[PDB]
$ cat structure-v6.pdb   # PDB, N, CA and C atoms
ATOM      1  N   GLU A1205      10.643 -23.187  -1.529
ATOM      2  CA  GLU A1205      10.761 -22.541  -2.830
ATOM      3  C   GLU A1205      11.142 -21.079  -2.623
ATOM      4  N   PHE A1206      11.743 -20.485  -3.657
ATOM      5  CA  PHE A1206      12.297 -19.137  -3.574
ATOM      6  C   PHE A1206      11.992 -18.350  -4.841
ATOM      7  N   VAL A1207      11.886 -17.027  -4.696
ATOM      8  CA  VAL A1207      11.658 -16.101  -5.810
ATOM      9  C   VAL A1207      12.314 -14.767  -5.474
ATOM     10  N   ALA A1208      13.040 -14.202  -6.439
ATOM     11  CA  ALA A1208      13.654 -12.895  -6.261
ATOM     12  C   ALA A1208      12.609 -11.788  -6.364
ATOM     13  N   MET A1209      12.866 -10.683  -5.673
ATOM     14  CA  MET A1209      11.908  -9.591  -5.570
ATOM     15  C   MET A1209      12.662  -8.324  -5.193
ATOM     16  N   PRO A1210      12.015  -7.160  -5.269
ATOM     17  CA  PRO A1210      12.682  -5.920  -4.857
ATOM     18  C   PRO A1210      12.802  -5.810  -3.344
ATOM     19  N   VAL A1211      13.672  -4.893  -2.923
ATOM     20  CA  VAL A1211      13.983  -4.740  -1.507
ATOM     21  C   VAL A1211      13.143  -3.650  -0.843
ATOM     22  N   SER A1212      12.538  -2.753  -1.621
ATOM     23  CA  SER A1212      11.721  -1.674  -1.076
ATOM     24  C   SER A1212      10.235  -2.004  -1.076
ATOM     25  N   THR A1213       9.880  -3.267  -0.880
ATOM     26  CA  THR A1213       8.496  -3.639  -0.629
ATOM     27  C   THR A1213       8.224  -3.608   0.869
ATOM     28  N   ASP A1214       7.066  -3.072   1.243
ATOM     29  CA  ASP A1214       6.795  -2.761   2.639
ATOM     30  C   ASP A1214       6.382  -3.998   3.429
ATOM     31  N   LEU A1215       6.493  -3.888   4.751
ATOM     32  CA  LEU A1215       6.073  -4.924   5.682
ATOM     33  C   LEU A1215       4.588  -4.850   5.990
ATOM     34  N   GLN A1216       3.938  -3.738   5.637
ATOM     35  CA  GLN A1216       2.483  -3.651   5.700
ATOM     36  C   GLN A1216       1.813  -4.862   5.078
ATOM     37  N   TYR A1217       2.316  -5.310   3.927
ATOM     38  CA  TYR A1217       1.600  -6.285   3.117
ATOM     39  C   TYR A1217       1.804  -7.705   3.624
ATOM     40  N   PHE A1218       2.917  -7.974   4.297
ATOM     41  CA  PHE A1218       3.283  -9.330   4.673
ATOM     42  C   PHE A1218       2.814  -9.718   6.066
ATOM     43  N   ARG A1219       2.082  -8.843   6.754
ATOM     44  CA  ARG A1219       1.611  -9.171   8.092
ATOM     45  C   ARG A1219       0.263  -9.875   8.093
ATOM     46  N   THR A1220      -0.499  -9.782   7.009
ATOM     47  CA  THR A1220      -1.774 -10.461   6.872
ATOM     48  C   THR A1220      -1.680 -11.500   5.759
ATOM     49  N   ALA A1221      -2.699 -12.344   5.664
ATOM     50  CA  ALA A1221      -2.703 -13.377   4.637
ATOM     51  C   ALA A1221      -2.829 -12.743   3.261
ATOM     52  N   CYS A1222      -1.902 -13.076   2.369
ATOM     53  CA  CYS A1222      -1.878 -12.521   1.020
ATOM     54  C   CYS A1222      -1.299 -13.560   0.067
ATOM     55  N   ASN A1223      -1.250 -13.209  -1.217
ATOM     56  CA  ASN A1223      -0.796 -13.957  -2.382
ATOM     57  C   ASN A1223       0.674 -13.674  -2.659
ATOM     58  N   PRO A1224       1.460 -14.703  -2.994
ATOM     59  CA  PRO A1224       2.907 -14.504  -3.153
ATOM     60  C   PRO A1224       3.305 -13.714  -4.384
ATOM     61  N   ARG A1225       2.442 -13.611  -5.395
ATOM     62  CA  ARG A1225       2.778 -12.817  -6.571
ATOM     63  C   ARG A1225       2.649 -11.323  -6.321
ATOM     64  N   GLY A1226       1.994 -10.925  -5.231
ATOM     65  CA  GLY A1226       1.743  -9.534  -4.943
ATOM     66  C   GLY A1226       0.594  -8.934  -5.722
ATOM     67  N   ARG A1227       0.349  -9.423  -6.935
ATOM     68  CA  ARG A1227      -0.820  -9.056  -7.720
ATOM     69  C   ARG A1227      -1.969  -9.975  -7.312
ATOM     70  N   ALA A1228      -2.979  -9.399  -6.669
ATOM     71  CA  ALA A1228      -4.103 -10.186  -6.178
ATOM     72  C   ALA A1228      -4.905 -10.764  -7.341
ATOM     73  N   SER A1229      -4.973 -12.088  -7.404
ATOM     74  CA  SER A1229      -5.709 -12.803  -8.439
ATOM     75  C   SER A1229      -6.997 -13.373  -7.843
ATOM     76  N   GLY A1230      -7.721 -14.120  -8.655
ATOM     77  CA  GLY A1230      -8.958 -14.745  -8.229
ATOM     78  C   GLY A1230      -9.887 -14.970  -9.403
ATOM     79  N   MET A1231     -10.909 -15.796  -9.164
ATOM     80  CA  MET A1231     -11.930 -16.085 -10.161
ATOM     81  C   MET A1231     -13.314 -15.601  -9.756
ATOM     82  N   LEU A1232     -13.566 -15.429  -8.463
ATOM     83  CA  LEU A1232     -14.834 -14.918  -7.963
ATOM     84  C   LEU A1232     -14.997 -13.427  -8.188
ATOM     85  N   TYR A1233     -14.044 -12.787  -8.856
ATOM     86  CA  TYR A1233     -13.989 -11.337  -8.909
ATOM     87  C   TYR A1233     -14.746 -10.759 -10.097
ATOM     88  N   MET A1234     -15.399 -11.604 -10.893
ATOM     89  CA  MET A1234     -16.210 -11.179 -12.025
ATOM     90  C   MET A1234     -16.979 -12.390 -12.535
ATOM     91  N   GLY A1235     -18.255 -12.194 -12.872
ATOM     92  CA  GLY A1235     -19.077 -13.322 -13.270
ATOM     93  C   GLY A1235     -20.117 -13.134 -14.360
ATOM     94  N   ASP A1236     -19.954 -12.156 -15.255
ATOM     95  CA  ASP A1236     -20.950 -11.949 -16.308
ATOM     96  C   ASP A1236     -20.464 -12.316 -17.703
ATOM     97  N   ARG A1237     -19.224 -11.998 -18.056
ATOM     98  CA  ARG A1237     -18.669 -12.284 -19.372
ATOM     99  C   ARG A1237     -17.456 -13.199 -19.224
ATOM    100  N   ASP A1238     -16.761 -13.441 -20.342
ATOM    101  CA  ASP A1238     -15.669 -14.403 -20.365
ATOM    102  C   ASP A1238     -14.314 -13.820 -20.745
ATOM    103  N   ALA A1239     -14.261 -12.789 -21.586
ATOM    104  CA  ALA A1239     -12.989 -12.255 -22.052
ATOM    105  C   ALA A1239     -12.282 -11.397 -21.014
ATOM    106  N   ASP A1240     -12.828 -11.298 -19.809
ATOM    107  CA  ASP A1240     -12.342 -10.387 -18.786
ATOM    108  C   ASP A1240     -11.530 -11.067 -17.688
ATOM    109  N   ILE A1241     -11.295 -12.376 -17.789
ATOM    110  CA  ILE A1241     -10.601 -13.079 -16.712
ATOM    111  C   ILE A1241      -9.082 -13.020 -16.874
ATOM    112  N   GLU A1242      -8.551 -13.253 -18.080
ATOM    113  CA  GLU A1242      -7.103 -13.305 -18.266
ATOM    114  C   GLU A1242      -6.420 -12.018 -17.830
ATOM    115  N   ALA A1243      -7.134 -10.894 -17.870
ATOM    116  CA  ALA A1243      -6.586  -9.606 -17.481
ATOM    117  C   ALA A1243      -6.659  -9.361 -15.985
ATOM    118  N   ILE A1244      -7.448 -10.144 -15.244
ATOM    119  CA  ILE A1244      -7.433 -10.012 -13.794
ATOM    120  C   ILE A1244      -6.101 -10.468 -13.221
ATOM    121  N   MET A1245      -5.312 -11.202 -14.001
ATOM    122  CA  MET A1245      -3.958 -11.594 -13.641
ATOM    123  C   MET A1245      -2.904 -10.925 -14.508
ATOM    124  N   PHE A1246      -3.071 -10.962 -15.829
ATOM    125  CA  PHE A1246      -2.033 -10.529 -16.751
ATOM    126  C   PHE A1246      -2.270  -9.145 -17.339
ATOM    127  N   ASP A1247      -2.833  -8.214 -16.572
ATOM    128  CA  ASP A1247      -2.978  -6.828 -16.997
ATOM    129  C   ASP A1247      -2.551  -5.916 -15.852
ATOM    130  N   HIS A1248      -1.463  -5.176 -16.065
ATOM    131  CA  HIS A1248      -0.999  -4.185 -15.103
ATOM    132  C   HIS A1248      -1.207  -2.764 -15.603
ATOM    133  N   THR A1249      -1.755  -2.598 -16.809
ATOM    134  CA  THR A1249      -2.247  -1.289 -17.223
ATOM    135  C   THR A1249      -3.336  -0.798 -16.281
ATOM    136  N   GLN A1250      -4.186  -1.705 -15.809
ATOM    137  CA  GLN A1250      -5.177  -1.398 -14.785
ATOM    138  C   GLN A1250      -4.502  -1.412 -13.418
ATOM    139  N   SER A1251      -5.305  -1.406 -12.362
ATOM    140  CA  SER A1251      -4.802  -1.322 -11.000
ATOM    141  C   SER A1251      -5.048  -2.624 -10.248
ATOM    142  N   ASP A1252      -4.353  -2.766  -9.123
ATOM    143  CA  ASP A1252      -4.528  -3.930  -8.268
ATOM    144  C   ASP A1252      -5.850  -3.849  -7.517
TER     145      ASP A1252
ATOM    146  N   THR B 435       6.545  14.416  24.255
ATOM    147  CA  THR B 435       6.521  12.965  24.370
ATOM    148  C   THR B 435       6.257  12.577  25.817
ATOM    149  N   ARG B 436       6.213  11.268  26.066
ATOM    150  CA  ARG B 436       5.981  10.791  27.425
ATOM    151  C   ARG B 436       7.273  10.333  28.084
ATOM    152  N   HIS B 437       8.151   9.688  27.320
ATOM    153  CA  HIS B 437       9.343   9.057  27.861
ATOM    154  C   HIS B 437      10.511   9.306  26.921
ATOM    155  N   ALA B 438      11.478  10.096  27.377
ATOM    156  CA  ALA B 438      12.561  10.563  26.516
ATOM    157  C   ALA B 438      13.383   9.363  26.077
ATOM    158  N   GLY B 439      13.205   8.964  24.824
ATOM    159  CA  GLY B 439      13.796   7.741  24.331
ATOM    160  C   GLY B 439      12.804   6.891  23.562
ATOM    161  N   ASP B 440      11.631   7.447  23.268
ATOM    162  CA  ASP B 440      10.605   6.733  22.524
ATOM    163  C   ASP B 440      10.752   7.007  21.034
ATOM    164  N   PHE B 441      10.658   5.945  20.235
ATOM    165  CA  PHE B 441      10.768   6.017  18.777
ATOM    166  C   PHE B 441      12.056   6.702  18.335
ATOM    167  N   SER B 442      13.051   6.749  19.215
ATOM    168  CA  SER B 442      14.347   7.299  18.854
ATOM    169  C   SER B 442      14.980   6.451  17.761
ATOM    170  N   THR B 443      15.490   7.113  16.730
ATOM    171  CA  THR B 443      16.131   6.428  15.617
ATOM    172  C   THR B 443      17.638   6.656  15.665
ATOM    173  N   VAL B 444      18.374   5.787  14.966
ATOM    174  CA  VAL B 444      19.830   5.869  14.999
ATOM    175  C   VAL B 444      20.336   7.166  14.382
ATOM    176  N   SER B 445      19.620   7.725  13.410
ATOM    177  CA  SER B 445      20.027   8.994  12.828
ATOM    178  C   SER B 445      19.928  10.112  13.861
ATOM    179  N   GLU B 446      20.747  11.146  13.664
ATOM    180  CA  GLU B 446      20.931  12.170  14.684
ATOM    181  C   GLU B 446      19.715  13.073  14.860
ATOM    182  N   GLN B 447      18.848  13.176  13.854
ATOM    183  CA  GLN B 447      17.624  13.966  13.945
ATOM    184  C   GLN B 447      16.425  13.057  13.722
ATOM    185  N   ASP B 448      15.575  12.943  14.733
ATOM    186  CA  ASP B 448      14.392  12.097  14.637
ATOM    187  C   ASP B 448      13.450  12.640  13.577
ATOM    188  N   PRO B 449      13.249  11.936  12.459
ATOM    189  CA  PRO B 449      12.427  12.488  11.365
ATOM    190  C   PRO B 449      10.994  12.803  11.757
ATOM    191  N   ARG B 450      10.534  12.390  12.937
ATOM    192  CA  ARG B 450       9.176  12.722  13.359
ATOM    193  C   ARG B 450       8.986  14.224  13.519
ATOM    194  N   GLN B 451      10.067  14.958  13.785
ATOM    195  CA  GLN B 451       9.989  16.409  13.903
ATOM    196  C   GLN B 451       9.503  17.059  12.618
ATOM    197  N   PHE B 452       9.857  16.485  11.476
ATOM    198  CA  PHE B 452       9.647  17.149  10.203
ATOM    199  C   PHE B 452       8.157  17.179   9.869
ATOM    200  N   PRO B 453       7.726  18.109   9.023
ATOM    201  CA  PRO B 453       6.297  18.228   8.706
ATOM    202  C   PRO B 453       5.742  16.935   8.138
ATOM    203  N   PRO B 454       4.641  16.433   8.701
ATOM    204  CA  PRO B 454       4.042  15.198   8.183
ATOM    205  C   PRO B 454       3.294  15.439   6.884
ATOM    206  N   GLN B 455       3.525  14.548   5.918
ATOM    207  CA  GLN B 455       2.968  14.689   4.577
ATOM    208  C   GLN B 455       1.931  13.618   4.260
ATOM    209  N   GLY B 456       1.289  13.047   5.270
ATOM    210  CA  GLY B 456       0.280  12.049   5.005
ATOM    211  C   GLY B 456      -0.427  11.608   6.266
ATOM    212  N   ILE B 457      -1.148  10.493   6.143
ATOM    213  CA  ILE B 457      -1.905   9.916   7.247
ATOM    214  C   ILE B 457      -2.269   8.487   6.860
ATOM    215  N   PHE B 458      -2.385   7.628   7.868
ATOM    216  CA  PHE B 458      -2.780   6.245   7.667
ATOM    217  C   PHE B 458      -3.992   5.939   8.532
ATOM    218  N   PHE B 459      -4.714   4.887   8.162
ATOM    219  CA  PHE B 459      -5.854   4.422   8.944
ATOM    220  C   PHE B 459      -6.191   3.007   8.497
ATOM    221  N   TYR B 460      -7.213   2.433   9.123
ATOM    222  CA  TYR B 460      -7.571   1.037   8.914
ATOM    223  C   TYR B 460      -8.692   0.896   7.900
ATOM    224  N   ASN B 461      -8.588  -0.147   7.080
ATOM    225  CA  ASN B 461      -9.506  -0.426   5.986
ATOM    226  C   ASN B 461     -10.643  -1.328   6.472
ATOM    227  N   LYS B 462     -11.424  -1.855   5.527
ATOM    228  CA  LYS B 462     -12.579  -2.687   5.850
ATOM    229  C   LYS B 462     -12.202  -4.022   6.486
ATOM    230  N   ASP B 463     -10.940  -4.439   6.387
ATOM    231  CA  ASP B 463     -10.519  -5.721   6.937
ATOM    232  C   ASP B 463      -9.624  -5.583   8.165
ATOM    233  N   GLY B 464      -8.947  -4.451   8.340
ATOM    234  CA  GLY B 464      -7.982  -4.319   9.415
ATOM    235  C   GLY B 464      -6.554  -4.219   8.920
ATOM    236  N   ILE B 465      -6.372  -3.553   7.781
ATOM    237  CA  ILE B 465      -5.076  -3.397   7.141
ATOM    238  C   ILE B 465      -4.797  -1.908   6.968
ATOM    239  N   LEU B 466      -3.520  -1.537   7.065
ATOM    240  CA  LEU B 466      -3.139  -0.131   6.991
ATOM    241  C   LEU B 466      -3.329   0.405   5.576
ATOM    242  N   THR B 467      -3.941   1.580   5.475
ATOM    243  CA  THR B 467      -4.070   2.311   4.224
ATOM    244  C   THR B 467      -3.020   3.413   4.177
ATOM    245  N   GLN B 468      -2.491   3.661   2.983
ATOM    246  CA  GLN B 468      -1.454   4.670   2.783
ATOM    247  C   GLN B 468      -2.035   5.790   1.938
ATOM    248  N   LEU B 469      -2.520   6.838   2.599
ATOM    249  CA  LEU B 469      -3.093   8.002   1.935
ATOM    250  C   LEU B 469      -2.042   9.104   1.923
ATOM    251  N   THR B 470      -1.572   9.457   0.732
ATOM    252  CA  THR B 470      -0.508  10.435   0.564
ATOM    253  C   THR B 470      -1.087  11.777   0.123
ATOM    254  N   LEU B 471      -0.389  12.852   0.505
ATOM    255  CA  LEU B 471      -0.799  14.198   0.128
ATOM    256  C   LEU B 471      -0.862  14.385  -1.382
ATOM    257  N   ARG B 472       0.008  13.715  -2.136
ATOM    258  CA  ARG B 472       0.004  13.842  -3.587
ATOM    259  C   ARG B 472      -1.318  13.442  -4.216
ATOM    260  N   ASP B 473      -2.204  12.784  -3.474
ATOM    261  CA  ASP B 473      -3.508  12.445  -4.022
ATOM    262  C   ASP B 473      -4.391  13.667  -4.198
ATOM    263  N   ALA B 474      -3.975  14.815  -3.665
ATOM    264  CA  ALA B 474      -4.650  16.080  -3.916
ATOM    265  C   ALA B 474      -4.413  16.606  -5.326
ATOM    266  N   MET B 475      -3.462  16.032  -6.062
ATOM    267  CA  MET B 475      -3.220  16.442  -7.440
ATOM    268  C   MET B 475      -4.385  16.140  -8.372
ATOM    269  N   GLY B 476      -5.445  15.496  -7.886
ATOM    270  CA  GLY B 476      -6.655  15.292  -8.658
ATOM    271  C   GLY B 476      -7.810  16.190  -8.299
ATOM    272  N   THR B 477      -7.725  16.890  -7.172
ATOM    273  CA  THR B 477      -8.798  17.758  -6.700
ATOM    274  C   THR B 477      -8.391  19.222  -6.636
ATOM    275  N   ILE B 478      -7.284  19.553  -5.969
ATOM    276  CA  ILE B 478      -6.873  20.951  -5.900
ATOM    277  C   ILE B 478      -6.130  21.391  -7.160
ATOM    278  N   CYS B 479      -5.662  20.457  -7.989
ATOM    279  CA  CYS B 479      -4.932  20.800  -9.204
ATOM    280  C   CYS B 479      -5.855  21.158 -10.356
ATOM    281  N   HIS B 480      -7.106  21.482 -10.062
ATOM    282  CA  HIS B 480      -8.095  21.772 -11.083
ATOM    283  C   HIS B 480      -7.842  23.141 -11.704
ATOM    284  N   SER B 481      -8.442  23.352 -12.878
ATOM    285  CA  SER B 481      -8.402  24.651 -13.531
ATOM    286  C   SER B 481      -9.213  25.709 -12.797
ATOM    287  N   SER B 482      -9.966  25.336 -11.763
ATOM    288  CA  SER B 482     -10.901  26.244 -11.112
ATOM    289  C   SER B 482     -10.290  27.006  -9.943
TER     290      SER B 482
END
$ encode --input "structure-v6.pdb" --output "structure tokens"
Amino acid sequence: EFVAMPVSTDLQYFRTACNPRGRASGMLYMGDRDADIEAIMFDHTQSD
Amino acid sequence: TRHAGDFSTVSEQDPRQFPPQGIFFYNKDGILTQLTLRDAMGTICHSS
């Protein structure tokens, strides 16, 4: 499978195990409320 | 240097000569961190 991407992304990130979207996702990253999960993926106003 | 020909780049002036504007080090897992001088714009850029 293939996906287009920019050319000025560094090799720092691709030497260790990581996620192909570049935006680190997950479900173990919060566990008290419910309205806070969709933004762990679909919010770039915040930080990675 | 130790050996004339180390980290030599194709460009006519080895950019290592120029003033360094940052520093890198290892994180909690073993990945390179990119700490840039511009991060001082939150501490030295104060009204004080």
$ closest_atom_pairs --input "structure-v6.pdb" --of "chain A" --to "chain B" --cutoff "9 Å" --atoms "only C-alpha atoms" --output "CSV"
residue,atom,partner,partner_atom,distance
A:1216,CA,B:466,CA,6.8
A:1217,CA,B:465,CA,8.3
A:1219,CA,B:465,CA,8.9
A:1220,CA,B:465,CA,7.8
$ residues_around --input "structure-v6.pdb" --residues "residue 1228 (chain A)" --least-positions-apart "5" --cutoff "8 Å" --atoms "all atoms listed in the file" --output "PyMOL selection string"
chain A and resi 1222-1223+1244-1245+1251-1252
$ residues_around --input "structure-v6.pdb" --residues "residue 1209 (chain A)" --least-positions-apart "2" --cutoff "12 Å" --atoms "only C-alpha atoms" --output "ChimeraX atom specification"
/A:1206-1207,1211-1214,1224-1226
$ write_last_selection --input "structure-v6.pdb" --atoms "N, CA and C atoms" --output "short mmCIF file (atom, residue, chain, number, x, y, z; two decimals), in the frame of the given file"
data_model
loop_
_atom_site.label_atom_id
_atom_site.label_comp_id
_atom_site.auth_asym_id
_atom_site.auth_seq_id
_atom_site.Cartn_x
_atom_site.Cartn_y
_atom_site.Cartn_z
N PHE A 1206 11.74 -20.48 -3.66
CA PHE A 1206 12.30 -19.14 -3.57
C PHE A 1206 11.99 -18.35 -4.84
N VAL A 1207 11.89 -17.03 -4.70
CA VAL A 1207 11.66 -16.10 -5.81
C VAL A 1207 12.31 -14.77 -5.47
N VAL A 1211 13.67 -4.89 -2.92
CA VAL A 1211 13.98 -4.74 -1.51
C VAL A 1211 13.14 -3.65 -0.84
N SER A 1212 12.54 -2.75 -1.62
CA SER A 1212 11.72 -1.67 -1.08
C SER A 1212 10.24 -2.00 -1.08
N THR A 1213 9.88 -3.27 -0.88
CA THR A 1213 8.50 -3.64 -0.63
C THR A 1213 8.22 -3.61 0.87
N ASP A 1214 7.07 -3.07 1.24
CA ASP A 1214 6.80 -2.76 2.64
C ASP A 1214 6.38 -4.00 3.43
N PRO A 1224 1.46 -14.70 -2.99
CA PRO A 1224 2.91 -14.50 -3.15
C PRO A 1224 3.30 -13.71 -4.38
N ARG A 1225 2.44 -13.61 -5.40
CA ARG A 1225 2.78 -12.82 -6.57
C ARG A 1225 2.65 -11.32 -6.32
N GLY A 1226 1.99 -10.92 -5.23
CA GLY A 1226 1.74 -9.53 -4.94
C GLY A 1226 0.59 -8.93 -5.72
#
$ atom_distance --input "structure-v6.pdb" --atom1 "atom C of residue 472 (chain B)" --atom2 "atom C of residue 1247 (chain A)"
22.6 Å
$ axis_aligned_box --input "structure-v6.pdb" --around "region 446-457 of chain B" --padding-each-side "8 Å" --output "lines of an AutoDock Vina configuration file"
center_x = 9.3
center_y = 13.4
center_z = 9.6
size_x = 39.2
size_y = 25.7
size_z = 26.6
$ build_atoms --input "structure-v6.pdb" --residues "region 1217-1237 of chain A" --atoms "N, CA, C and O atoms" --output "PDB file, keeping the file's coordinate frame"
ATOM      1  N   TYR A1217       2.316  -5.310   3.927  1.00  0.00           N
ATOM      2  CA  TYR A1217       1.600  -6.285   3.117  1.00  0.00           C
ATOM      3  C   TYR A1217       1.804  -7.705   3.624  1.00  0.00           C
ATOM      4  O   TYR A1217       0.939  -8.564   3.419  1.00  0.00           O
ATOM      5  N   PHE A1218       2.917  -7.974   4.297  1.00  0.00           N
ATOM      6  CA  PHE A1218       3.283  -9.330   4.673  1.00  0.00           C
ATOM      7  C   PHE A1218       2.814  -9.718   6.066  1.00  0.00           C
ATOM      8  O   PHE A1218       3.114 -10.824   6.520  1.00  0.00           O
ATOM      9  N   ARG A1219       2.082  -8.843   6.754  1.00  0.00           N
ATOM     10  CA  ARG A1219       1.611  -9.171   8.092  1.00  0.00           C
ATOM     11  C   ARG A1219       0.263  -9.875   8.093  1.00  0.00           C
ATOM     12  O   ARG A1219      -0.085 -10.515   9.092  1.00  0.00           O
ATOM     13  N   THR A1220      -0.499  -9.782   7.009  1.00  0.00           N
ATOM     14  CA  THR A1220      -1.774 -10.461   6.872  1.00  0.00           C
ATOM     15  C   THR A1220      -1.680 -11.500   5.759  1.00  0.00           C
ATOM     16  O   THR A1220      -0.707 -11.542   5.001  1.00  0.00           O
ATOM     17  N   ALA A1221      -2.699 -12.344   5.664  1.00  0.00           N
ATOM     18  CA  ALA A1221      -2.703 -13.377   4.637  1.00  0.00           C
ATOM     19  C   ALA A1221      -2.829 -12.743   3.261  1.00  0.00           C
ATOM     20  O   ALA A1221      -3.746 -11.951   3.017  1.00  0.00           O
ATOM     21  N   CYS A1222      -1.902 -13.076   2.369  1.00  0.00           N
ATOM     22  CA  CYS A1222      -1.878 -12.521   1.020  1.00  0.00           C
ATOM     23  C   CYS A1222      -1.299 -13.560   0.067  1.00  0.00           C
ATOM     24  O   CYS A1222      -0.900 -14.653   0.479  1.00  0.00           O
ATOM     25  N   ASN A1223      -1.250 -13.209  -1.217  1.00  0.00           N
ATOM     26  CA  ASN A1223      -0.796 -13.957  -2.382  1.00  0.00           C
ATOM     27  C   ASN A1223       0.674 -13.674  -2.659  1.00  0.00           C
ATOM     28  O   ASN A1223       1.109 -12.521  -2.576  1.00  0.00           O
ATOM     29  N   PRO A1224       1.460 -14.703  -2.994  1.00  0.00           N
ATOM     30  CA  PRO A1224       2.907 -14.504  -3.153  1.00  0.00           C
ATOM     31  C   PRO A1224       3.305 -13.714  -4.384  1.00  0.00           C
ATOM     32  O   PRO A1224       4.423 -13.189  -4.415  1.00  0.00           O
ATOM     33  N   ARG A1225       2.442 -13.611  -5.395  1.00  0.00           N
ATOM     34  CA  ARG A1225       2.778 -12.817  -6.571  1.00  0.00           C
ATOM     35  C   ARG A1225       2.649 -11.323  -6.321  1.00  0.00           C
ATOM     36  O   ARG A1225       3.151 -10.527  -7.122  1.00  0.00           O
ATOM     37  N   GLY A1226       1.994 -10.925  -5.231  1.00  0.00           N
ATOM     38  CA  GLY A1226       1.743  -9.534  -4.943  1.00  0.00           C
ATOM     39  C   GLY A1226       0.594  -8.934  -5.722  1.00  0.00           C
ATOM     40  O   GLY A1226      -0.070  -8.019  -5.220  1.00  0.00           O
ATOM     41  N   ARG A1227       0.349  -9.423  -6.935  1.00  0.00           N
ATOM     42  CA  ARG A1227      -0.820  -9.056  -7.720  1.00  0.00           C
ATOM     43  C   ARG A1227      -1.969  -9.975  -7.312  1.00  0.00           C
ATOM     44  O   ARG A1227      -1.924 -11.179  -7.570  1.00  0.00           O
ATOM     45  N   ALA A1228      -2.979  -9.399  -6.669  1.00  0.00           N
ATOM     46  CA  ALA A1228      -4.103 -10.186  -6.178  1.00  0.00           C
ATOM     47  C   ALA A1228      -4.905 -10.764  -7.341  1.00  0.00           C
ATOM     48  O   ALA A1228      -5.459 -10.024  -8.161  1.00  0.00           O
ATOM     49  N   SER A1229      -4.973 -12.088  -7.404  1.00  0.00           N
ATOM     50  CA  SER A1229      -5.709 -12.803  -8.439  1.00  0.00           C
ATOM     51  C   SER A1229      -6.997 -13.373  -7.843  1.00  0.00           C
ATOM     52  O   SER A1229      -7.325 -13.140  -6.676  1.00  0.00           O
ATOM     53  N   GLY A1230      -7.721 -14.120  -8.655  1.00  0.00           N
ATOM     54  CA  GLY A1230      -8.958 -14.745  -8.229  1.00  0.00           C
ATOM     55  C   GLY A1230      -9.887 -14.970  -9.403  1.00  0.00           C
ATOM     56  O   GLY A1230      -9.712 -14.433 -10.493  1.00  0.00           O
ATOM     57  N   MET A1231     -10.909 -15.796  -9.164  1.00  0.00           N
ATOM     58  CA  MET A1231     -11.930 -16.085 -10.161  1.00  0.00           C
ATOM     59  C   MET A1231     -13.314 -15.601  -9.756  1.00  0.00           C
ATOM     60  O   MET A1231     -14.155 -15.387 -10.634  1.00  0.00           O
ATOM     61  N   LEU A1232     -13.566 -15.429  -8.463  1.00  0.00           N
ATOM     62  CA  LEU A1232     -14.834 -14.918  -7.963  1.00  0.00           C
ATOM     63  C   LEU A1232     -14.997 -13.427  -8.188  1.00  0.00           C
ATOM     64  O   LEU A1232     -16.001 -12.853  -7.753  1.00  0.00           O
ATOM     65  N   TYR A1233     -14.044 -12.787  -8.856  1.00  0.00           N
ATOM     66  CA  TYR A1233     -13.989 -11.337  -8.909  1.00  0.00           C
ATOM     67  C   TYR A1233     -14.746 -10.759 -10.097  1.00  0.00           C
ATOM     68  O   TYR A1233     -14.752  -9.536 -10.275  1.00  0.00           O
ATOM     69  N   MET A1234     -15.399 -11.604 -10.893  1.00  0.00           N
ATOM     70  CA  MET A1234     -16.210 -11.179 -12.025  1.00  0.00           C
ATOM     71  C   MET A1234     -16.979 -12.390 -12.535  1.00  0.00           C
ATOM     72  O   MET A1234     -16.419 -13.486 -12.621  1.00  0.00           O
ATOM     73  N   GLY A1235     -18.255 -12.194 -12.872  1.00  0.00           N
ATOM     74  CA  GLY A1235     -19.077 -13.322 -13.270  1.00  0.00           C
ATOM     75  C   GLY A1235     -20.117 -13.134 -14.360  1.00  0.00           C
ATOM     76  O   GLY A1235     -21.087 -13.895 -14.399  1.00  0.00           O
ATOM     77  N   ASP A1236     -19.954 -12.156 -15.255  1.00  0.00           N
ATOM     78  CA  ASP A1236     -20.950 -11.949 -16.308  1.00  0.00           C
ATOM     79  C   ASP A1236     -20.464 -12.316 -17.703  1.00  0.00           C
ATOM     80  O   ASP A1236     -21.232 -12.891 -18.480  1.00  0.00           O
ATOM     81  N   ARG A1237     -19.224 -11.998 -18.056  1.00  0.00           N
ATOM     82  CA  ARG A1237     -18.669 -12.284 -19.372  1.00  0.00           C
ATOM     83  C   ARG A1237     -17.456 -13.199 -19.224  1.00  0.00           C
ATOM     84  O   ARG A1237     -17.143 -13.675 -18.132  1.00  0.00           O
TER      85      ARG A1237
END
